[PDB]
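Here Cβ is always computed from backbone atoms with ideal geometry, including for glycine, and neighbour counts include all displayed protein chains. Rule-based calculations on the coordinates, nothing more; no lab input.
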Amino acid sequence: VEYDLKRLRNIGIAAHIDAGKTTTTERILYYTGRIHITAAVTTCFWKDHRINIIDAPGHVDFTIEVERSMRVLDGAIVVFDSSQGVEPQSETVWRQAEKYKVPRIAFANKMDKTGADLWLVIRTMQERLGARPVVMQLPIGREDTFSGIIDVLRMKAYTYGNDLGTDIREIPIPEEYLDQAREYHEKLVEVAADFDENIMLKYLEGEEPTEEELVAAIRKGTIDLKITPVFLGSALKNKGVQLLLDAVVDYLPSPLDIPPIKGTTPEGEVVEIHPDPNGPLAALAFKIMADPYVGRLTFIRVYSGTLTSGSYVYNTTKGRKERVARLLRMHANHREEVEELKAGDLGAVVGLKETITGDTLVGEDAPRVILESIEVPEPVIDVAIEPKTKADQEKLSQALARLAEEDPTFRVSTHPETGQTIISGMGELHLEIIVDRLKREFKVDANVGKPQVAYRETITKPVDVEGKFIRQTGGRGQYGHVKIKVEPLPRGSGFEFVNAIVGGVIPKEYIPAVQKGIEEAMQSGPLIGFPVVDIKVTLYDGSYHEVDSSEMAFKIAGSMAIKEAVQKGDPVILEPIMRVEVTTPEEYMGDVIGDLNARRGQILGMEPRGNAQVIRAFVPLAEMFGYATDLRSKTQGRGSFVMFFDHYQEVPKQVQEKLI
Ligand SMILES: Nc1nc2c(ncn2[C@@H]2O[C@H](COP(=O)(O)OP(=O)(O)CP(=O)(O)O)[C@@H](O)[C@H]2O)c(=O)[nH]1
Ligand SMILES: [Mg+2]
């Protein structure tokens, strides 16, 4: 175990679509892999430092896998496409880094492409992002003549012979560039002066400081979220990627340099878990992969203590033992088996049958802390799915079971009378990618209906009703007779059944049958056909025919009673109420407030984050369809939002008629 905590670097590459996120990653692994695919975490070496490239989801609108991966990584490279400029959503990726207090460096990719303006990037970081950038390098040559890069801090430059990254020469700075470099070098020192008194008192005195001095201060400013170093080049034309690697080991934080992850005890106490390898074990799980030839892989981040291969861990979320079989590190083109993962590092475990993405793993004798929050988010959006021709069906109902493992947060059901296949999840985007991950990945071709909000039904007042089923059906006679007392149950409390049968008035056998009929009618309410919730059912009386009584009779009899009940109890539709934090440029505040209220929303409060304003608001899910458009239409593309389920609500009286 050649593990040093200080010389460890956990990175994530964040970028707007088309910036060079994948290309840069590809090149990064290549240059590091020259001594003697994807996958959640990938490891490599540069200048005696371990770099763990935490794989961006990506696609930034799934704000569950983002918050999770932001806690896993420590520093980020934010990649900009310097061709088009800085487009709308490029802001969104920046706001995320701000949200999770993660130190960052910028990388202006595509200095080779026509339209490559370095400065358009720098200025838009100052203005829109509010990033206070510090210029670390300057280009040599324009677009297609882009052939060198100057490092202004050390005052040296690099010419590139080809575009394959196989000829790199350290040259003295061209005369045509020496003045501009000197300007920006002086500028750089000035920035360092804000973070070192020693640098300050030298910068006043006229004396040029040492590299160790500047590097240390410019690094201090980065980890403290005050400045953002900017680097450039062409990832495609293999220019400046090695210098980007150097920047990673220089200015980006090690696990020692950041604020300690906060977890919760089983009592609700808030603890700061310290990154000590000798202390108790606490580790997060964040990706469950299916691997062709090892089995299930579950990717972990270790925060304190040591995860040792071939041992046991305690799963605070599920409350059970788990056997850690083997441990692995993922490299560019091979797998490495390891004996232990210590505090601050990352890899993937083998085995771990019962663990799901988002769970915590402690060291058996260790404090029973939880890293994430407890509750399970509800299924709120329904989508109908119809398989083409038999062959796709049998491998669709197979495709879903063979996928309800890495993501158990989606539910599958069958619609009461249409007999289709209904899939439900956490929102639109959650489901719209599951559909795609079936036609391409699992190769199932079928038709998909337009997303629809999952409503619920319930009574407002207590009633007392009876259901009978006396008919001559299929040669024989049928008799079932039940008398129930139903009342409303506090919100979120669900179902409750009570038996209060006195004198074998309804014989022992037929009691399960009555329950089964109740449930089935509780699937399809008498307002819109959505499931009935939050009620207490009480079976107190009834009757039976000595010979005509049957399970089927008391099933239908129980069904007829509960439909009659939910009808008489002054029913009411329930809609999900979402919780929305909306990040917006300070200026366009009024025009977003004066829109959430038009969505029947209620404002909770606005507090600044960075140079922008985040708004917290309660809005119904039904008034959230295609918000990503309306938002970017009223913020010139600069706005962005997140969404979480909070509770269920009794719908306003005007909305009810519109739904019935
Ligand atoms: N001219 C030029 N083109 C580049 C450079 N780096 C990447 N590209 C090109 O731009 C495109 C961006 O794709 P990619 O590298 O996957 O970016 P990405 O952000 O991963 C796209 P997504 O976010 O959808 O996965 C690619 O087609 C790539 O060939 C560069 O340095 N210069
Ligand atoms: Mg990609």
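Applying the criteria of a DSSP loop state and at most 14 other Cβ atoms within 10 Å to the trypsin sites (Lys or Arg not before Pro) of the range 61-150 yields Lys101, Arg142. Packing-based ranking of 298-311, 256-269 yields 298-311, 256-269, ordered from highest to lowest mean Cβ neighbour count within 10 Å.
Charge tally around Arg296: other residues with Cβ under 10 Å, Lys/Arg +1 each, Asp/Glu -1 each, net -2. With the convex hull drawn around the C-alpha atoms of the range 456-574, the volume per residue stands at 88 Å³. Between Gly279, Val338, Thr298, the Cα set farthest toward the positive side of the dipole of the range 275-377 (charges on each charged residue's Cβ, about the Cα centre) is that of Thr298. Computed with the Debye formula from one identical point scatterer per Cα of the chain, without solvent, the log10 of I(q)/I(0) at q = 0.05, 0.06, 0.07 Å⁻¹ comes to -0.32, -0.45, -0.59. As a rough footprinting exposure proxy, the listed residues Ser413, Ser524, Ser373 were ranked by other beta carbons within 10 Å of their own, and the order from fewest upward is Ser373, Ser413, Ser524. Net charge in the neighbourhood of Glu496 (other residues with Cβ under 10 Å of its Cβ; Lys, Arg +1, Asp, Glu -1) is -1.
Panel order for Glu337, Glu205, by other beta carbons found within 10 Å of each beta carbon, from fewest to most: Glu205, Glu337. Distance between the modelled labels on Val498 and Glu394, one decimal in nanometres: 5.1 nm (7 Å Cα→Cβ projection). Available extension along the chain between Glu487 and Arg411 is 24.5 nm, counting 0.36 nm per residue and deducting the alpha carbon span.
Seen from all directions on average, the range 575-656 presents a Cα convex hull projection of 5.3 nm².
If you place +1 on the Cβ of every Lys and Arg and -1 on the Cβ of every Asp and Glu, how big does the dipole about the Cα centre of the chain come out, in debye to the nearest 20? Using only the charged Cβ atoms, the result is roughly 1760 debye.
Sorted ascending by nearby beta carbons within 10 Å, beginning with the fewest, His185, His59 become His59, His185.
Taking chymotrypsin sites (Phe, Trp or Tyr not before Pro) across the range 433-478, the ones in a DSSP loop with at most 16 further Cβ atoms lying within 10 angstrom of their Cβ are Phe442.
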